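In: kindly generate the corresponding structure for this input.
(one chain, ligands or ions: 1)
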Amino acid sequence: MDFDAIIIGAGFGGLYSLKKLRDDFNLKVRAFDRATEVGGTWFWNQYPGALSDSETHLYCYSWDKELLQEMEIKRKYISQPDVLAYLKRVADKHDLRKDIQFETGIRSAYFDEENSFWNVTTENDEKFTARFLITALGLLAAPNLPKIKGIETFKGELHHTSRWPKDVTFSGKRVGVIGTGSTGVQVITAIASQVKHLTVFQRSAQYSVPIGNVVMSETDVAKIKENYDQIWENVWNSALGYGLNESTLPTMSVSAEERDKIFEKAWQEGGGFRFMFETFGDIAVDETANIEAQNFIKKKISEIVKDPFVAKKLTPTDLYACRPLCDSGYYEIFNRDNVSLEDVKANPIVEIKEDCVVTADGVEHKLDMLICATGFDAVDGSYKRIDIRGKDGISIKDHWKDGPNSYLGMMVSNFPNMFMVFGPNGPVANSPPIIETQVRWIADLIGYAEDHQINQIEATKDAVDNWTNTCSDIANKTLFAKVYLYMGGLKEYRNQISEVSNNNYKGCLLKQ
Ligand SMILES: Cc1cc2nc3c(=O)[nH]c(=O)nc-3n(C[C@H](O)[C@H](O)[C@H](O)COP(=O)(O)OP(=O)(O)OC[C@H]3O[C@@H](n4cnc5c(N)ncnc54)[C@H](O)[C@@H]3O)c2cc1C
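Out: Numbering: from 1, shown residues only. Sharing the structure here:
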């Protein structure tokens, strides 16, 4: 054994995995990332307007009290360069880089049934052994590059938001953006005013609410820092972990005039999760409540966008409101004389030539730059791109050929000593609280094993099948996926995994 534990990922999930196992448990551990710096997705995604979905004071670690007091809280939400600097500062303080090997992908990890440890091989064919594998792998980008005929003949700049280069300049250029998910909304709002002309190619109009990202006064920051203990106590006690007053008020239980008042209030403060969960308690459950949320945003769209035909094209049709987008002036962009909206569901892209994008009606859209706002992959994907083989050498690709499944979102049957952080079938909540929860739980279980010299931990097939049903029970009660995620929220997730730890890890296969 080279190591007690090998960590893959130096993002949020891997940086804390490392800190927890090396320093609070005195294990020998080494971590690996392909990146040249810590930060994970905040290192790779440097596109214009990249901004957190959670507010600054909560998109961070809770476990280091003196870091909370030290933290710079510039704006209500935190931009990508600032998150990256924060993660780097976490590394400086807790001396984590000496145990991270950068520029090092992992090609494969094979479980050794004979000695109960993992054989892990880099892409440069270096081989390390470790009792425990910790996978903190995040989500890769969704669509590689758009499967469009002739895209490779394009002779202008072709930029993917997940490999955004440095020194992109926009002035004097005709620019095109494929994609209008969260990443596309941020790019487009960021660059519309910098280009000579912007063409947006929207496949599918989405609902978006104001983010309301404002500067924080020194007294604003003091309010938070003086009460940080209560703030975090409210995170652990909530469903989402976003600092919201999570409503229980049914949408249809009030007058139209009161209902308009409550949505307006969330709209003025900003934030997608606020609009969806702080206004009423059933927007994501009741079809009739959801339509009320839909119409409020549709009306706002039609009041902000002055040209009714452009506004009509922006209006989501039939689509229900699920998974919340926010923006810093998105719908306003479309009143600008230098912006055009192309509905590419009505008028698909058929071809890309050397100087242009051409749609089904024959029109050539001439472009100097084409931006592919990639989105994000189901993941699953990040795991299916490492050769992971457990017992009798089944690959993870085979074991999940028909969808991912796990125990509590962290352990996979047939894959012992492997613990996933922020993996499939996990909760839907603010990420750092989820990551912290899972890392402390994993670390506690590895300590139990250390004290009781057990060297093979594994989830049964039945713990995993019970977990798959717990998720489908909760999920088939929601408008979402109308599954593969636990949606009882953060507090109920922490119960689930407390019961297991308090019942000598019922469902697990402690061995030796
Ligand atoms: C612009 C943007 C804004 C976001 N805002 C929010 C938000 O407000 N709230 C929220 O909850 N979530 C948000 N997210 C989601 C975000 O992914 C999570 O918050 C969190 O950062 C995930 O951290 P992680 O360490 O688990 O994953 P990552 O940060 O992606 O870490 C994955 C790392 O592991 C490395 N890795 C993977 N595989 C391999 C391999 N085979 N070999 C070597 N190395 C490897 C990767 O290169 C990567 O560096 C946002 C994402 C983006 C892009």
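
In: which strands and helices lie in contact with the helix or strand harbouring residue 191?
Out: Using DSSP states H and E, the element containing residue 191 is helix 182-191. Here helix 182-191 is seen to pack against strand 174-178, strand 197-202, strand 325-327, helix 330-333 when contacts are counted using 3 or more C-beta pairs under 8 Å, 6 or more residues apart in numbering; DSSP states H and E. Bear in mind the C-beta positions are built from the backbone N, C-alpha and C, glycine included.

In: outside of the very next helix or strand once past the longest one, which residues touch it?
Out: Right, strand 197-202. Scanning forward in sequence from strand 197-202 by DSSP H and E, the next helix or strand is strand 208-210. Contacts made with strand 208-210 from outside it, assessed by C-beta atoms under 8 Å, 6 or more residues apart in numbering, are listed as 185, 266-268, 270-272, 275, 297, 324-328, 330-331.

In: and the two most separated of those?
Out: Maximum pairwise distance in the contacts of strand 208-210, criterion C-beta to C-beta, is 19.4 Å, between 185 and 268.

In: tilt between the helix holding residue 191 and strand 174-178?
Out: Between the axis of helix 182-191 and that of strand 174-178 there is an angle of 160 degrees, by axes from the mean of the first three to the mean of the last three C-alpha atoms, to 10 degrees.

In: and the contacts of helix 182-191?
Out: 45, 47-51, 53, 161, 170, 175, 177-178, 180, 198, 200, 206, 208, 325, 327-330, 333, 371, 373-375.

In: over to residue 30: give its phi and psi.
Out: For residue 30, the backbone dihedrals are phi -130, psi 140 (criterion: degrees, to the nearest 10).

In: which is the succeeding secondary structure element to the lengthiest helix in the chain?
Out: Of all the segments of type helix in the chain, defined by DSSP state H, the longest one is helix 431-451. Moving toward the C-terminus from helix 431-451, the next helix or strand (DSSP H and E) is helix 461-475.

In: buried residues, that following helix. List them.
Out: When neighbours are counted by 16 or more other C-beta atoms under 10 Å, the buried residues of helix 461-475 are found to be 463-464, 467-468, 471, 474-475.

In: again, but for stretch 326-341
Out: 326-328, 330-331, 333-334, 339, 341.

In: dump the residues you listed to TSV, plus distance to the ligand.
Out: Converted to TSV, these look like this (distance: C-beta to the nearest ligand atom, whole Å):
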residue	distance to the ligand
326	10
327	13
328	13
330	15
331	20
333	19
334	22
339	22
341	23
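
In: of the residues you listed, closest to residue 99?
Out: Closest to residue 99 out of these is residue 326 (37.1 Å), distances taken as C-beta to C-beta.

In: any idea how far residue 440 is from the residue nearest to that closest one when sequence neighbours are not counted?
Out: Take residue 326 and drop its neighbours on the chain: the residue closest to it by C-beta to C-beta, 6 or more residues apart in numbering is residue 211, 3.9 Å away. Between residue 211 and residue 440 the computed distance is 30 Å (C-beta to C-beta, to the nearest Å).

In: more neighbours: which of those two?
Out: For residue 211 versus residue 440, neighbours defined as other C-beta atoms under 10 Å are more numerous around residue 211 (26 against 16).

In: quick check: the more buried one vs residue 268, distance?
Out: As for residue 211, its distance to residue 268 is 12 Å (criterion: C-beta to C-beta).

In: ok, residue 381 next?
Out: For residue 381 relative to residue 268 (C-beta to C-beta), the value is 38 Å.

In: between those two, who's got more neighbours?
Out: Taking residue 381 and residue 268 together and counting by other C-beta under 10 Å, residue 381 has the greater number of neighbours (16 against 9).

In: what residues are up against the more buried one?
Out: With contacts taken as C-beta under 8 Å, 6+ apart, residue 381 has the following neighbours: 139-140.

In: change it to 10 Å
Out: Residue 381 sits next to 137, 139-142, 404, 424 when contact means C-beta atoms under 10 Å, 6 or more residues apart in numbering.

In: looking at those, which one is closest to the ligand?
Out: residue 137 (4.2 Å; C-beta to the nearest ligand atom).

In: pretty sure the closest one sits against residue 13.
Out: Yes: at 8.1 Å, residue 137 and residue 13 qualify as touching, with contact defined as C-beta atoms under 10 Å.

In: pull up the overlap in contacts between these two.
Out: Overlap between the contact sets of residue 137 and residue 13, as judged by C-beta under 10 Å, 6+ apart, is given by 40, 420-423.

In: so which of those are also by the ligand?
Out: Among the shared contacts of residue 137 and residue 13, the residues that sit close to the ligand (C-beta under 6 Å from any ligand atom) are 40, 422.

In: which of the shared contacts of residue 137 and residue 13 sits closest to residue 280?
Out: residue 422 (28.8 Å).

In: pretty sure that closest one is touching residue 383, no?
Out: No: the pair residue 422 and residue 383 does not pass the contact test of C-beta under 10 Å, sitting 11.6 Å apart.

In: these two - which one has more neighbours?
Out: Using other C-beta under 10 Å as the criterion, residue 422 and residue 383 rank with residue 422 on top: 26 against 19.

In: closest to the ligand among the shared contacts of residue 137 and residue 13?
Out: Minimum separation from the ligand among the shared contacts of residue 137 and residue 13 (C-beta to the nearest ligand atom) is found for residue 40, which lies at 2.0 Å.

In: distance of the closest one from residue 366?
Out: With distances taken as C-beta to C-beta, residue 40 is found 37 Å from residue 366.

In: and those two? which has more neighbours close in?
Out: Taking other C-beta under 10 Å, residue 40 and residue 366 do not tie; residue 40 has more neighbours (24 against 14).

In: the residue of the stretch 351-500 of the chain found nearest the ligand: how many residues sit nearby?
Out: Scanning the stretch 351-500 of the chain for the residue nearest the ligand gives residue 431, at 3.0 Å (criterion: C-beta to the nearest ligand atom). The burial metric for residue 431, expressed as a neighbour count using other C-beta under 10 Å, is 20.

In: contacts only, for it.
Out: By C-beta under 10 Å, 6+ apart, the contact list for residue 431 reads 11-13, 41, 52-54, 59, 138, 241, 422.

In: around the ligand, pick out the residues from the chain.
Out: 8-14, 32-35, 40-41, 45, 50, 52-54, 59, 105-106, 136-138, 382, 386, 422, 430-431, 435.

In: among those residues, which are in strands?
Out: Here DSSP state E is the test, and those give 8, 32, 52-54, 106 as lying in strands.

In: hang on, the earlier thing: more neighbours, residue 137 and residue 13?
Out: The residue with the greater number of neighbours, taking residue 137 and residue 13 and applying other C-beta under 10 Å, is residue 13; the counts read 28 against 24.

In: from what I can see that one touches residue 435, true?
Out: Yes: using C-beta under 10 Å, residue 13 is in contact with residue 435, at 4.6 Å.

In: got any residues that touch both of the two?
Out: 136, 421-422.

In: between the residues you listed, which is nearest residue 245?
Out: Taking C-beta to C-beta as the measure, residue 422 is the one of these closest to residue 245, at 26.0 Å.

In: identify the residue spatially nearest to residue 128, adjacent ones excluded.
Out: The shortest distance from residue 128 to any residue other than its chain neighbours is 4.7 Å, reached at residue 2 (C-beta to C-beta, 6+ apart).
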